[PDB]
Every structure is written in C-alpha cells, then in structure tokens.
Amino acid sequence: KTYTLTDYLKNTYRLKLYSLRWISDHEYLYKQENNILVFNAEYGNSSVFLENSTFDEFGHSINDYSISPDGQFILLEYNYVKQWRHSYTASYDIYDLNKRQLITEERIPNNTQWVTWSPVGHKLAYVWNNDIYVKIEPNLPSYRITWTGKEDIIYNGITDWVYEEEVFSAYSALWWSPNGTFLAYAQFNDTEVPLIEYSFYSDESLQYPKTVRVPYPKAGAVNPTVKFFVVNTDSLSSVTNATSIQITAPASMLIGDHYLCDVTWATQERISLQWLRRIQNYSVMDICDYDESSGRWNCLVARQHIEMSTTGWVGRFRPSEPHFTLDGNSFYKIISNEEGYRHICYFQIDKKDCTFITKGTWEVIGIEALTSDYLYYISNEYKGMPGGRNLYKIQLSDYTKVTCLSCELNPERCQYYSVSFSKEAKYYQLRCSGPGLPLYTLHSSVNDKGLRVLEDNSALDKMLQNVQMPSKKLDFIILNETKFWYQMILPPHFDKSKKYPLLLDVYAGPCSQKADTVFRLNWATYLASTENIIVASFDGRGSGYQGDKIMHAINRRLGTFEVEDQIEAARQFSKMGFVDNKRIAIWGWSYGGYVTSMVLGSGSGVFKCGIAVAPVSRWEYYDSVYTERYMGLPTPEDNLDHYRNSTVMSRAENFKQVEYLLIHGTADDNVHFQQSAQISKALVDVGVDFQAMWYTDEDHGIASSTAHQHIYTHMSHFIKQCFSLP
C-alpha cells in the first residue's frame, strides 16, 4: 500500500522520540508512559522517580511538569491556554516530593504568564499580571519584584509580541544567575507601539464578534523600548521592596532606537548582554560585574565588544550568544569570518580581537558544550554538505585537533544530528534525525564511547516496510559558478523516463534551508507516494549555512534573488528529463507564501498553479524587527523605494496566466490577514480569477486539529485537479 493523506492527517505512522531531562551530571529524567522514571547514564538502569498515580484525582488535565533542581518539588502546569508562538498562561501547583503533600499555602497565582526555578535549589521566580514575584520557599509568600506591569503596555519579565517572536524567540524575559543569587530581567514599554486589530468570532454563541488588539510594530513604526535590571534575591524582606539595579546604555545604543538581543550569565557575579541598533548591522556586547560594596553593576568599556556588518545584518537572525569559560574570563561565540563563513571565535573579555578556532567553507551551527579541554559544537562540514548535521569536539590547547563525534556512527542513516549533554558534559545524548529513521544514542564524554541505543524506532521501520514509501534525492545544481542545493521527494519506483508532475515546496527566506538530510513524514510524503508527484525544494540566494555571500545576497532586496533562483530551479529541474514541463506547481507558507506569490506573479509561464498560505504581500505590513533587518527603513532616505517595489499586488496582472489559491487564518497575529486581503483586492481590480479560503479564528499555524486537516484536504484537491490526477 501507500502513504495517504489520511495517514498524514491521522498520524498513522508515529516516530518515537526519547525526550529526557538531565537533572544532574550522572542522572536524567525520562517519561515512561504515565511514569517519570530516572535513569543512570552509566549502567542505564532506572527507577520510578514518580508513579502515574501520585497525581491522581484533581479535576484538572495536567500538561507537562517541571521538577526543581533540588528534586524537592515538581511544579505542575495545568490549564494551558495558548497565546502567541511561545507565550501562554496556565495554573500552577507545587508538590513536596517528600511530604507527598500538595502545597496549599501561598500557592502560585492563576493566569500565570510564566514561572521558573532558580538554576539550583528550589527558588521560584514567576510573572503575573505583567509583574515579577519571587518565592524562596514553595509554601512561603511571594515577594513583588516589580509594580509597573500593565496588560499589553508595560511588560516585566515577559517579552512583548515582537520581542518574543522575533527576538528572544521566547515569552520569558528574565535570567537567573548560576546559583540563584541574582534575578535578571528586561522591561518592555509598548505605550507608543501601534496596535494591529482584527476580529475574533469565537463560538457561535458569541453575538458580537470580538476585537483583538495587539501592540504590534510594523516596519518603521514606533518600537517598544527596554530597560534591564538585576535584583539580588537574598536582600528581599517582608518590608523592603527588593531594590532592582538597572544596567543602561551603551551610549552607542542610546543614540537611538535599539533592542536588547541577548542575556548570558558568565559567572555568579558577571552577566553579559548584547545590544542591537534598529539598523541591525551593529551590535554591542557588555560584560558587567557585581561591585560587592556599591550594589550596582559595572560594564567596563574595556570589556565591551562590537559586532558589526557591512554586507548585511548581524548574526543568522540575531547576534549569536556567548559561551563563557568556567572562570568567566573569556568566551567563544559564532561570528562571521573575513571570508563570510560563521565560525567559532575566541575572546578575552577585555581583548577587542578574537581568534577563529575553526575555518573553512562550511559553518558552525552552534556551540553545544564547553569543558576545560574541549568545546563541543555542531557544524555542516562533513562531506561538504550544508544540509547535514554533526557533533564535533575541538581541543582548546590545540585547534588543529578536531574530532567528529557523530559523522561515522551510521553514515548510512545519520547525516543530521542534535546533541544533549549532562550537567557537565560527562555524558551526552546523540539525536539522529536522518536521512534514515530517528536514532537516539547515549555516550560518555571522557571516551565518547556509545553507552547504548535509547530508541531505534524499530516499531516504525516494521510498519513502514509494508508501505510503498517514497524516496529522497538530496543533491545540487550550479548557477554562475556557485552551487545551490536542492532536494526531491521521489515517488516509489521512480522512473527517469516517465514524466512526473512537479510541486515546488518553498520557503526561501533569509538564512533558510528547505534542503536537508532530515527524515520527514508529511504532506509531501503522501503527494509523492500516493499521487506520484515529485516534491522539490531549493535553497538559492539568501539561504543560510553557506556563508554570507549566499545568505546576504538579498540584503535590502527581499523578493529579488530568492524569487529568481526559485524560478531557475524549476526551470532546470524540468530540463532534467523526468519532469512534466506542462505540470509544475509551486506552494509555500508565510515567507514561502510570499515567494510563491511573487513567482506566480513573475510571468515566466513556468508554473501552472500555486498555493500561498498566510503569505506576506507587502513588507510594510510585517513587523519591524524581522523586516527592517533585511530591508532597513521604508523611508525614501533609506529603502522605502524597494519596500514599495516588492509588493505582491504590483504583479496582479501577471496572475491571469496562472491558477492561484490563496488561504489565510483570520486570527493571524503574525502575518496579518490584511496581507492576503490586500492581494485579493489587487486581483479583483485587475480582473484575475483565482480560488480562496479563509480560516476563521485560526492563527499563522492554522493548526487546530480540524483546521489543519481541512486545509490539507483542500490543497490536495487543488493540486490533484491542477495536475489532472484521478
């Protein structure tokens, strides 16, 4: 048989994972059914750290727990109420693991926006009603740390909309120091930030549609401001209002609009912060130390570091994070070479110049672990494949010595990895995503020897061997010297003679990679396996993990090359002899929906049909942080001219020659529905027919169970009909 839409939708073929949480450097927690066993990394044996029963009766559905470092409590999260992409509120309850008695006194508020323990011990810090509260003991009263919170105005401890989504990629906005002595946080002011407003219809019972209003800054609009503070969580009394010490500047940032882009504690008395100018090609890092007697925090200018650019923005999406040495005196952090390839550089806190410890036409995806003799990192060097992933270790005393921890384990099924070390990189869990089926192994850092296999996904392999699964070809093509990768999901019993319809799956956003060695079971799977349709992807100009030459090829010019190279890919794929020139479609979501629109509106006759889901249409309608970063400001003095040059509706006319399907959630807080409405309006004015579909109350993810299922069913029909498939 074959992999169908129902399989995809009904998740008939699930991939097993092995989610574990190190609680120490020798132990880790792992959910075994309705039990939270605790394993021993060495002998790998376990024991029920907590029985499913324990938390029995309690008229509330519990979703995800959180054991304190002390292991003396396990805050229980329930009543989860999804907000933005990371934010959400829930009710909480602590439970003493030794008194088996659920806390009752001072219990954490309801509608909590975020909680978290101290890195060690059982200190609890939480945000409520936009204010910070601190608990030294689960059963003892909380201490107000802030008194300025104000729903969607003043945010203390939690990011505002754009900061969570495009900056800290998190809701949380507070960082505990190593031993829980200091509690740091940022403060966001949205007062002058405009609000995007949309209707939310809700349950049929609702008589009047509701209006959601979110402080959301669009390109060139008034941005939110920020303040950083640090409060000593030991000087707090039942009387004094914990005095928070602020950390301002740098003056090079205060000269105007800027953002806080990173918080990284170096030591128990030293914290690092990176600042980014609205024009994101200049970043400043400050390393501040606690001044014993004085109580304030000082950031020696001798210790600040400038990370600027002249061919684009800074970082892959933001100035990378620092990974400090144990004594917080120096650090390492990915930065761009003089050659354009991001590599690990070594800094001395008060030494302006760093030394690249890695180099070459490949790049470091990130720094995973740091010990006194080794720096563990992931890169895409191996086989010279930007789309592959591996764990590497480099000797700090000799950069010439760099061993690849994963590369050879099973070169067959594992060319993409992820790592997870213990409390002191004594052991680490290797996580293979593919090209084969997920494989999780446990190793020892002192020898890197494989302790055992935690999960081989044999159960799946079994089932999958009875399904006409599709195949996957990951290779490249060349354009003007440089080579650009791409991947094709091929139908079962592929035949290079027979011509197949081709569906171009695209995202093509700045620093993206739709071509990798990861094993995925999705809609493309069904299309290929059941509709014998080739689903391809191509990472052209603007894509990441190949040096700035590629990734910055679209600086201040979104909707140019990424769009062009996209057309070229299909343009050549056809010239491959197994593609039906007359049956080539293109589809994408978000940025991918934009490029998909720009392309179907290019008029290259190359495509027959295309689908754009939750697409951007005019960069001025998208948030600042993300947009300006590639486009600058929509001012005539800056880039307003190109901003206006890249709109989807400017190419409405050219839609007459293609078959278009536009879809969009009405509650999209990210890429506003307004975008897609502005598009349809353009097609109506020009006289271009096309199909549409809006999804009531769904956001950017159009992920609700029924919503998700419906859109894939619809898009199917669209595609199968466009390709004349039974």
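Start at 1 and count along the sequence shown; that's the residue number. Each form is matched to the other, and the largest set of C-alpha atoms that superpose within 1.5 Å is called the rigid core.
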| query | Quick one: with the core lined up, is it 617-625 or 249-257 that wanders further in 6 other deposited structures of this protein, going by C-alpha RMS? | reply | 249-257
| note | Of 235-243 and 98-106, the one with the larger RMS C-alpha deviation from the shown form in 6 other deposited structures of this protein, core-superposed, is 235-243
| query | Mean C-alpha B-factor higher for 586-594, or for 150-158? | reply | 150-158
| task | Determine, for stretches 713-721 and 18-26, which one has the higher mean CA B-factor as deposited. | result | 18-26
| query | Which one, 223, 497, 406, 546, has the peak C-alpha temperature factor per the PDB entry? | reply | 497
| Which of 261, 301, 402, 239 ranks first by CA B-factor in the deposited coordinates | 239
| field | Chain-relative CA temperature factor third for residue 599 | value | lowest
| message | Can you tell me whether residue 667 has a C-alpha B-factor in the lowest, middle or highest third compared with the other modelled residues of the same chain? | response | lowest
| request: Using the B-factor values recorded in the entry, state whether the Cα atom of residue 686 falls in the lowest, middle or highest third among the modelled residues of its chain. | output: middle
| task | Looking at the entry's B-factor column for C-alpha atoms only, identify whether residue 680 ranks in the lowest, middle or highest third of its chain. | result | lowest
| Comparing residue 284 with the other modelled residues of its chain, is its CA B-factor in the lowest, middle or highest third? | lowest
